[PDB]
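Here is what each chain is made of, one letter per residue.
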Amino acid sequence: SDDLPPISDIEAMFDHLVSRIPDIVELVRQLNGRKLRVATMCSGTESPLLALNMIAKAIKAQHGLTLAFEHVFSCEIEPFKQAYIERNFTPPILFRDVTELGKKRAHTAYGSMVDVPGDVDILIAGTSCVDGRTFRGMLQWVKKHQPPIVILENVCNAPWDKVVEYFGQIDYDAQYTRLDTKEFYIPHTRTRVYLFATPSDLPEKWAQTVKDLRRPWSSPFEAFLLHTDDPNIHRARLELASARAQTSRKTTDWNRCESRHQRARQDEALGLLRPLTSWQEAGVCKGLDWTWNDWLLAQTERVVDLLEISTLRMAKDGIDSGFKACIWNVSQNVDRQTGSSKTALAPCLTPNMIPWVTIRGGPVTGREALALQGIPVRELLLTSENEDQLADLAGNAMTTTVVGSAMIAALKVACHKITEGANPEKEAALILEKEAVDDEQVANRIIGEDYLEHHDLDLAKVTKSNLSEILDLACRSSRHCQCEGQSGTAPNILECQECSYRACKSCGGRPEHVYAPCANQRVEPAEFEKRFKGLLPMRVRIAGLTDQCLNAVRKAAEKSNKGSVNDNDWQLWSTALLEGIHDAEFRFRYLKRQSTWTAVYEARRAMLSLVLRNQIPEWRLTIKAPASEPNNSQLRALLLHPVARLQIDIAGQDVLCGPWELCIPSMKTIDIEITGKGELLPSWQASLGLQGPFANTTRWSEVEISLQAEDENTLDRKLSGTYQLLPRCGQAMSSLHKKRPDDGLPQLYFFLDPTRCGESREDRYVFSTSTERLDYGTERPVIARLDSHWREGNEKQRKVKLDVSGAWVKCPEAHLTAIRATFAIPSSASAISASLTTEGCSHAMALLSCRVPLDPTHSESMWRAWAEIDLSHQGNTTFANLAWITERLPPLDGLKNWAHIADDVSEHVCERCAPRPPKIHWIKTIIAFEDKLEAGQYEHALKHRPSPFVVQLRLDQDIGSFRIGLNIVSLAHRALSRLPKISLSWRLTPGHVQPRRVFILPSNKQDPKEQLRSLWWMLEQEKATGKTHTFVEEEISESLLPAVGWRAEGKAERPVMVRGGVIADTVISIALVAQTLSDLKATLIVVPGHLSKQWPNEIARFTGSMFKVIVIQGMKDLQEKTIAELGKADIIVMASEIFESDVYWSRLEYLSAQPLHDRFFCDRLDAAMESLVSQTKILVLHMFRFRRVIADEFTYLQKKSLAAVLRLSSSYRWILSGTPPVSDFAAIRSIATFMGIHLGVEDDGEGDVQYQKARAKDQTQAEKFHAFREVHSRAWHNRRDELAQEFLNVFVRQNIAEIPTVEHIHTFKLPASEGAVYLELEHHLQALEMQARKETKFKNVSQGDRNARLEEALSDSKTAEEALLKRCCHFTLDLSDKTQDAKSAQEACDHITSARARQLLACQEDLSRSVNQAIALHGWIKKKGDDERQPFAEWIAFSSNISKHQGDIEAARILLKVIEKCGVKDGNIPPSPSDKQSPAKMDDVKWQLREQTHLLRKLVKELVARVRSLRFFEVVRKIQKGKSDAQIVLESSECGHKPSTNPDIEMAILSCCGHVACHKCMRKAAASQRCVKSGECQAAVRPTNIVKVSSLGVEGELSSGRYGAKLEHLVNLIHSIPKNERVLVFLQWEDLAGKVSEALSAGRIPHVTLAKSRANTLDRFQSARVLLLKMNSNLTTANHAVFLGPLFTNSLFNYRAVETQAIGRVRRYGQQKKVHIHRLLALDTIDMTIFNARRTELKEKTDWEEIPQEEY
DNA sequence: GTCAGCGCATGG
DNA sequence: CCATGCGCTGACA
Ligand SMILES: [Zn+2]
Ligand SMILES: [Zn+2]
Ligand SMILES: [Zn+2]
Ligand SMILES: [Zn+2]
Ligand SMILES: [Zn+2]
């Protein structure tokens, strides 16, 4: 309820629970100090563990008695759940599965197979223990050992009774009840079912006590949600925008549920428009400017529209969702929603949820979902878990307070059944020995501190530069658009003009102000944080208030006309104030930007914050209410708002220097009078369009407030004046007003202020000078609230009560004052290096020792001797309580460059800093395991690993001191263990807080024609003159401290020397190998087989009989060749298919004497590679090495021969390739792996999710577990990519054109009729829902014919944009068929009109036939046999009424005509005209009728779309005709602004409908989502739909003869260029190849079109001028590579490859003229869309060399 | 095989 | 009659 104290901390929940039950104090002694033994299963979140732990702490604080518990083991099945449990809640044993627990041994998560420990006190299973194979396993285990208590839980609707009879087998009692989490302290509504089962009326007693321990919720859910600014929420919001940029719009059909949405929007009598998201068919959705729009774009049309329906259903009441925090779970249907019965609650967050937090405008992130389960998220470790995975983990989790209640009542009622160890003396001796050895070890743990500078002392010092300048910097540093979030910047800010509010261009379109760009030269928020922290004092104290001074103030306010105080209120308020201020120090916590920086100071009972408003900033003081103070107490009411405000002296330089002010609880109510003036406007409900009583009501546009002279004198700031409202500016209920002009004082607004959790009536109109959006736990300045029963209205004037309370009274007596505090850093880098020694892995070495004095009075218990800070569980909350000293410390930039020993051991494993990962086997399919012994040793030496950072705190004799300890040796040893003369390093970086990097290649240019020069970098690199180390390897083993802002690496690098390289343009390699010779000596080359023939020809042509050639090909050439025939021959060839042939592996197995049968292959192969080389060292090409190796098509290899190419050995190693797969780090590592360098190690986080899942069919289960357990950070990945880039600059060379090129882009507007036909086809394919035909074959041909008829509109090809490209290239309704041929323009359009008419008719008869079949069904049911509803009859009743229709009323009339052709009048006739047979059970027949009804509805919608498209086409043709018949339709406009008026401005026609109206008067209708005559059509209009008449053109603007405009312009181009130059034309569509061949034939020039005679046609081309060919042996005589529009493909990469290949056909070589490349483009057309999108994407994502452009 | 449509059931 | 359940199955790749 609310009468309870408000409780929001889990530990306090448990303290208030244990207080209820005083019978665990008696439990501890039957236990007699023995450790409890708890063994849970299948709970992924360990709420048994957490609840029992907090019970231990609560009981210790309540009664001084200590409870223990030895968590015996736990079971979890999926990998990420196992990783989470073993990373947060470390158990002894974590088993993979649950069935094996019957056995004596079972596998563990690491694979060790350690036995099942057996007897336990208590078992808590849930969330998978009823499946039943798993339940059989759990019963088997509970039969094997005897637990005296078992507690289960699962989803409620399940067979719990069946569970009872099953537990009857093992002779166990049983009892089950359902438990409501909303009733155990938590504001979240959920129901689950528990049972208790014990060996042989006890479970009855258990049920009674658990029913007893009930305590309702009393804190709104919003106290559990993290803020919307928070860094974790903002990274979760940037994930969405990043994914959207990395990633067309496939439309799921949802008709059966759209039926329910329509029934709801009609039955609830709410309007049919969509306010929050304005989604659209084949159109994006633009939510408000604060609403996570990249999450609104991803979700489906059903979810989005269901948000729409929920928002309207709430706006009926008066609540305005978007200002009242509530949660909606929109996964379920639309009729079965009670999204939050009480708005302060939260619905059951089911595992497959889609939640929407009403306020922040986005989903409950996974972490907040975990919080509402009771788990604390302050210290939670989460390592790359997806959102869906987190929602599963949280939803199936079980609620800590509920488990605690059930489990403590269980453990009390079943007290007597647990036996006792009963040796408390030995228990005390053991635990005390443990504590003593722990303390000795922790005192020893840090070493060093002898080399430490100990130099500075500082605290409470400032800089006090200039407060005016600081305020100017704040105004430009603060947050601007909601998408910033405490960092980053968003360019193109827009600032409103009245009520200056800001948003970027991207966001911030939707509630339109009068925007205009802002002149705010941005400044980096980190820099302002530096100055602000350097100006604040870090500890302050309020001083100078006594009871007598407070009394003096109260009588001063009484002396003036400021409202007096009731004496009891004065007593409570003054006592709380004085006790809070009295000797309590303020310390700095955090400063946060929310469009105005707030600096927050917290003391132990009062809390005070600095706000840097752009005008009159101040400090405000609010006092925390007492801990146990009921929610409806007058004291808690009084201590809500701040009581003390300290304005700041602007001209002065110091920050804490102003006068104080106090507010006494006056509570004065005066009367105002609100009037009406101005015109009338549509109310908010009517702007949402609700058709209840809220339809066409109105709202006044100017109020005026008058107040008496005495009241205005009493008020601090005057309140009269006339407030116009600002309907386009958005606030509470779109009710923001602005005061007409005192000039210095800030502008104040009269609007509505709703409380975040109250009812719909407690929201009262306010006055304020502050209108921003604010968090939970912050309150706005308020001048005077108004009565809550006043809203905007149409009435004239009322006298409503204005209640101004708490007049601000100024006191002089108060004042705010500030306050060997030394900190130590290591002076010298490399002093550490000298100080450190090997085998000193044990002891960290100090980095900082600070000492700042404290007091022993009321100081924390996080101080103590020393103490483990236990950072992995409490460091995040520790280094928050040390801001007041850490914020002063200089960042210690001295140690920022690596330095350490060298010539370290070339191979080592510490096996305490980095134990050896186990070894992998195979079964035979392939299934891999882990060694029992090796895996057990791995688990042991992994659980016992050293601490990378140590932080400890000490307080001995009221002086505070803490030391920071870092291990160097441990990072170094991890660095070495990563690697396969190794000189180590280490460095530390202070203060560290993105698109995939492009990978460029260094050209072979400006080096000692190109055939000669590119050899220079070849030979000298082959020799490697000098070059002791050509490449220096690396590894980095780095751990970081989150809060303080440090990340310390450790680098182990192996220098290596290697020869070779990679070149990307066979003609120079062969020109090289002859010299290098001037197995023993033999050079190998591997070619796929397509291209092996060219090398013997080329070597014969270049070198004449210089040597021997041993070219081979295919399998049966190894057996002929012997050693002395193969040898002493300079050039050898090979074919990559041979390494794929099984003969090669047969021979290799035989010669290697291995028992192999083609990752698995790459394992067994290298076993044989070790074997062969020993037999060859005694006295298949991979049994022997070479001097050189050259590969030609590295990209082509298919991992099966690629393995062999890696394995083969040689003295030198080269590559030839057209281009390598250098775009990605995995491929870069593959190239380097061939070259022989361990460039990096694979950590399975760097590849995208596609490639990760490509590999993750290989990984062992334990390896998936480890990959989720241990993750490495973004900076690590970036460093490794930088390393790969340096590798590229070293070794890979690339040869590129320049033979100049110049590109001429010819652009033109399409002539009128041709543009008109393109327009119609595009908007038709938009009106219908098909972007592409579907390839699946439907179950029923009665659906097949229908879907074919729908697909008819795509007569050309598959995707819609493809048909659009064909329309651009040449106008014709259908290319494929030659039945009708477009002789000219204005005739193809006639073909369109006829075909559209035919299709529309065919639609009508399909509708009639379906109606007849349905009527036959209805007759069958009626003949063969109250309350229940039969949807077809209501469909008929709805249809036969013309007045209630959505969609064009013309289509509605046509529907009436079709029904009356079927003869039904008002809904009643048994037979159908031309009746068919209606196919045994009556229920199945009813269901058939139902499905038929849905089919009719779908057909109706399709009819509506068809008639609208037809309307649009006839109208646009009318306009383009240009006659008086044309201008008549202009004269008939639903606007009323006719053209035949003295002003003749502009007209425009929509596209969704067809109507036409005043353009200026069209924009309003568009921006409110209403068609110009919405009584006529229900259009779903958006501002992109408007089309101005001047864009279309008029008939006969641009002449067209018999051909498409693009074809004509191509003809003109070829005629224009000179006659000697030859042409090459690229097409994309073969249909278009035919049409353009026709066009060029109709021209004057000849042409040549290009299976095996294609090369002959190329020979012919060497004749005719132009050879046109499809886009996607070298001809270069032609030098004009004309294009026809842009390529489109499914990927930017592939677009780049095809376009550069198409160019490289003609730009290749042998040009004595400058190659032109053209692109014909049509303005405002999808060719422009595709081309510009591809250019803009391609420039950033690849940065290739931009082709120069000129006019021609 | 991954995933969003699509639907009455059930104690208290 | 309220208030709260929380997944199986038939498209699509
Ligand atoms: Zn505004
Ligand atoms: Zn923005
Ligand atoms: Zn070590
Ligand atoms: Zn319309
Ligand atoms: Zn108009």
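Residues numbered from 1 in each chain as written, not as in the entry; some residues may be left out. Chains lettered and ligands numbered in written order. Heavy atoms only, no water. Residues with missing side-chain atoms left out of burial classes, pairs and counts.

The deposited coordinates, according to the entry record, derive from cryo-EM at 3.8 Å resolution.

Asks: Is there a simple way to think about the nonpolar core in this case?
Replies: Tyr194 and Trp206 are the most contacted members of the largest nonpolar core, which has 74 residues in total. Ignoring sequence-local partners within four residues, the contact set of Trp206 consists of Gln175, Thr177, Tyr194, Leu195, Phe196, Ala406, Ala409, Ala410 and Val413. (Core = buried A, V, L, I, M, F, W, Y, C linked by side-chain atoms within 4.5 Å. Buried < 20%, exposed > 50% of the residue type's maximum accessible area, 1.4 Å probe, protein only. Contact = heavy atoms within 4.5 Å.)

Asks: I keep staring at the coordination of the zinc ion (ligand 3) and nothing clicks. Help me out?
Replies: Working reference: metal with six octahedral donors, ideal angles 90 or 180 degrees; metal with four tetrahedral donors, ideal angle 109.5 degrees. Bound to the zinc ion (ligand 3) are the protein donor atoms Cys841 (SG), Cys910 (SG), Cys913 (SG) and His973 (ND1), situated 2.0 to 2.3 Å from the metal. Here the zinc ion (ligand 3) binds four donor atoms, and the angle range of 100 to 121° at the metal identifies the geometry as tetrahedral. Owing to a relative accessible area of 17%, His973 belongs among the buried residues under this scheme. (Donors = N, O, S within 2.8 Å, 3.2 Å for Na, K, Ca; no water. Tetrahedral: all angles 85-135°; square planar, octahedral: opposite > 155°, others 65-115°.)

Asks: What should I look at first to understand helix α16 (residues 467-477) in this one?
Replies: An α-helical turn contains 3.6 residues, so a residue and the one three or four places further along point in the same direction. Among all positions of α16, only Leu467, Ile470, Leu471, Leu473, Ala474, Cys475 and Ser477 are buried. Buried residues in α16 make contact with β13 (502-504) and α17 (525-535). (Helix = DSSP H or I, 4+ residues; strand = E, 2+ residues; numbered from the N terminus.)

Asks: Where do I start with a negative patch on the surface in this structure?
Replies: Taken together, the side chains of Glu435, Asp438, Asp439, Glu868 and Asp870 make up a negatively charged region of the molecular surface. Among the structural elements, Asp438 can be located in helix α15 (residues 424-445). (Patch = residues over 30% accessible without salt bridge, like charges linked within 9 Å, V, L, I, M, F, W, Y side chains within 5 Å. Areas by Shrake-Rupley, 256 points an atom, 1.4 Å probe, with all protein chains shown as cover. Salt bridge = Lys/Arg side-chain N within 4 Å of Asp/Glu carboxyl O. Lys, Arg positive; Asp, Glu negative; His and termini not counted. Charge placed at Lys NZ, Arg CZ, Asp CG, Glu CD.)

Asks: Just to check I follow, could you spell out the UniProt feature "active site" in chain A for this structure?
Replies: UniProt's feature table lists "active site" at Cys129, given in the numbering used throughout. Considering the arrangement of structural elements, one finds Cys129 in the loop between β4 (123-124) and α5 (133-144). Classification of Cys129 by relative accessible area gives buried; the value is 0%. (UniProt positions renumbered as here; feature names shortened; annotations may be inferred.)

Asks: I would appreciate a short explanation of the sheet that holds strand β3 (residues 94-95) in the present structure.
Replies: Sheet strands associate in pairs through backbone hydrogen bonding, adopting either a parallel or an antiparallel arrangement. What the three strands build is an open sheet, ordered β1-β2-β3; its pairing is parallel. In this open sheet, the two edge strands, each paired with only one partner strand, are β1 (36-41) and β3. Pairing analysis gives two bridges linking strand β2 (residues 69-75) to β3, with the strands arranged parallel. The residue bridging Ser74 from the neighbouring strand is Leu94, located in β3. Against the sheet, helix α3 (residues 47-63) makes contact with β1 and β2, and its axis sits at roughly 170° relative to β2, the strand it touches most. (Pairing = 2+ DSSP bridges. Axes fitted to C-alpha atoms, helices over the stretch in contact; angles between N-to-C directions.)

Asks: Got a minute to help me understand the coordination of the zinc ion (ligand 2) in this structure?
Replies: Every protein donor of the zinc ion (ligand 2) is listed here as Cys481 (SG), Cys483 (SG), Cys504 (SG) and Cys507 (SG), and their distances to the metal cover 2.3 Å. One way to put it: the four donor atoms around the zinc ion (ligand 2) meet at angles of 102 to 115°, and that makes the site tetrahedral. Each donor residue of the zinc ion (ligand 2) lies on one chain, and together they are spaced C-x1-C-x20-C-x2-C. Here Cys504 lies in strand β13 and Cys483 lies in the loop between α16 and β12 (493-496), a separation of 21 residues in the sequence.

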